[PDB]
Amino acid sequence: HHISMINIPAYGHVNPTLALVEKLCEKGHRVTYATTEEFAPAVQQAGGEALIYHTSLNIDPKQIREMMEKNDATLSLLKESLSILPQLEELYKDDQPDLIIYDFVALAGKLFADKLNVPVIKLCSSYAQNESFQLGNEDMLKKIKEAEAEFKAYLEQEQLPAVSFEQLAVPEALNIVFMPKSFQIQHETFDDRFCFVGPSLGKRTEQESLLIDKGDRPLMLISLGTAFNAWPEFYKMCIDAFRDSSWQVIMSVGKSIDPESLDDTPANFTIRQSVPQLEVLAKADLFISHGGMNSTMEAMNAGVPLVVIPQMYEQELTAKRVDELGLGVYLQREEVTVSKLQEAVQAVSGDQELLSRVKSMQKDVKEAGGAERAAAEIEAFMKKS
Ligand SMILES: O=c1ccn([C@@H]2O[C@H](COP(=O)(O)OP(=O)(O)O)[C@@H](O)[C@H]2O)c(=O)[nH]1
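Structure, rendered in structure tokens:
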């Protein structure tokens, strides 16, 4: 059976799938992955055949911080669906797939699946959505009124057979979500076509030899993820906040920034562009994180409290949520100072009550499926559909 995974080129939107791809293959299913070259090694390691599309999205964190002019930045994902559909058509012309699985922003995978009337499962790598819970601000539901400005540029080259924008908000037969249903916002509103398996961890690209036995001293991880990590000011404040302190600190600065471009690295710090986050959290006593869903779930999967410094709306939702569920503290940026970094690491470390809350989220996130349940919910959907 040929399963075709369609996704954007983004670590946070593609890493959960890797563990999934490893399982489907272990079940004797050919899995093809429509990605760029940046991800073909990760996809190839899981067992997928990478099939490449030349892409229109930004990958380098520098390019994501600039092109923050916000001229309908949401449209990017639409235009990208319209660049990617033609190339998916060609990639699979004589390799039609039995099952298309597409990430919630890879609309190209929806259109492509419609156009071939092939079964389609939707992976939600962030919060899922439905008729009740539409995620987004006042200003981000009033931006899908400028999504319609481009939707009247849909009749400038081709046409829609009828209404086709209420069919991108609408969920599919099976919608796998990579958090536990408790952590989903408006959980109760989500019916049985949503399947909340929590974090989908497995093997990752071999990162550098970062052995870190630490000692009888506590270990803190610092990372703003893989896209909104282009903030030199923050990485200096962390060095100022925790140099030569109780804490052993491992800080990922992303690909936007030189570990030599900073102040000289304290004896207690390790500083890299990239760390093996799953390995570090196996030893971390605290994680200063940006509230990426992968990071938030990888933390809870390791029993690791959270200081959440969100960069984007999606991330502020996850940041409020972590506070509301008392799984750590919400520290806003443009409120982030060296004193405030210290106050929060203080307030979260040695709150035994808070630590017990994430120790039970550790259970609650593993009690959900994982990649195994998702691969079961997938194959079962294959037999049925
Ligand atoms: O130094 C790093 C930084 C990030 N990641 C991985 O990148 C993903 C980040 O996804 P998330 O949704 O947290 O944030 P995003 O990167 O999408 O902004 C997670 O799976 C991390 O395990 C990693 O492995 N090492």
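First residue of the sequence shown? That's 4 in UniProt numbering, and the numbers climb one at a time after it. Beta carbons are placed, not taken as given, at the ideal position from N, Cα and C, and that holds for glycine.
May I ask you to check if the CB of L281 is nearer than 8 Å to at least one heavy atom of ligand 1? yes
Exercise. Taking the alpha-carbon positions, what's the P235 to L265 distance?
Worked result: 8 Å
Using the C-alpha atoms, what's the distance from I104 back to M8? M8 and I104 have their C-alpha atoms spaced approximately 5 Å apart.
CB of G51 within 9 Å of CB of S128, strictly: No; because the gap between Cβ atoms is not below 9 Å, this pair is not in contact.
**OP:** Name the two residues that bound the continuous alpha helix (DSSP H) containing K118.
**Re:** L110 to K118
**Study point:** Proximity of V123 and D101 at Cβ, strictly below 9 Å
**Key:** Result no, Cβ atoms of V123 and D101 do not sit closer than 9 Å.
Based on DSSP bridge pairs, tell me the residues matched to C198. For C198, which the question treats as bridged, DSSP gives the partners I179.
My assumption, with CB atoms under 8 Å, is that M223 sits in contact with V348. Please give the rounded CB distance. In this structure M223 touches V348 by the C-beta definition: roughly 7 Å separates them, less than 8 Å.
- Query: Going straight from the alpha carbon of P183 to that of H190, what length do you get?
  - Reply: 9 Å
Closest residue to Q335 among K323, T229 and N61 (Cα-Cα distance) | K323
Report task. Could you spell out the range, first to last residue, of the beta strand (DSSP E) harbouring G205? Result -> No beta strand (DSSP E) contains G205, which DSSP labels as neither H nor E.
Handout entry: Which listed residue (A379, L309, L94 and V278) has its alpha carbon closest to that of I215
Key = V278
Problem - Nonlocal neighbours in the same chain, by C-beta distance under 7 Å from residue 390, ignoring five residues either side - result: With the chain covering 4 to 388 only, the question about residue 390 has no answer from this structure.
Check: Is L114 near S84, with beta carbons less than 9 Å apart?
Finding: yes
Going by the C-beta, is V310 closer than 8 Å to any heavy atom of ligand 1? no
Exercise. How would you write the range of the alpha helix (DSSP H) that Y316 sits in, first residue to last?
Worked result: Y316 to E327 is the extent of the alpha helix (DSSP H) around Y316.
task: Identify whether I381 lies in helix, strand or coil by the three-state DSSP scheme.
output: Note: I381 maps to helix in three-state DSSP.
If you measure from the CB of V278, is any heavy atom of ligand 1 nearer than 8 Å? yes
Quiz item: Relative to the alpha-carbon of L357, which residue among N297, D288 and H4 has its alpha-carbon at the smallest distance?
Solution: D288
*asked:* According to DSSP, simplified to helix, strand and coil, what is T229?
replied: coil
Given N133 as reference, the closest of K362, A49, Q170 and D106 once Cα atoms are compared = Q170
Review point. Taking Cβ to Cβ, would you say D106 is nearer than 9 Å to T20?
Key: yes
Three Cβ pairs or more, each shorter than 8 Å: is that satisfied between the region 24-31 and the region 142-154? The region 24-31 makes no contact with the region 142-154; the number of CB pairs closer than 8 Å stays below 3.
Practice item. Kindly give me the distance between the Cβ atoms of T299 and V325, rounded to whole angstroms, as I take these residues to be in contact under 8 Å. Key: 6 Å
Taking the beta carbon of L320 as the centre, do at least 16 other beta carbons fall within 10 Å, making it buried, or is it exposed? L320 is buried by the Cβ-count criterion.
- What did DSSP end up calling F290 once you bin it into helix, strand or coil? Correct three-state label for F290: strand.
**Request:** Return the chain-ordered list of same chain residues with a C-beta closer than 7 Å to the C-beta of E317, the five sequence neighbours on each side being excluded.
**Result:** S129
- Message: Just verifying my parser: in three-state terms, what is the DSSP assignment at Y56?
- Response: coil
Taking 9 Å as the threshold (C-beta atoms), are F245 and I312 in contact? no
inquiry  = Using only the alpha-carbon positions, how far apart do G112 and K386 sit?
reply    = Distance from the CA atom of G112 to the CA atom of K386, rounded to whole angstroms, is 21 Å.
Pick helix, strand or coil for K343, following the three-state DSSP scheme. In this structure, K343 counts as helix in the three-state DSSP scheme.
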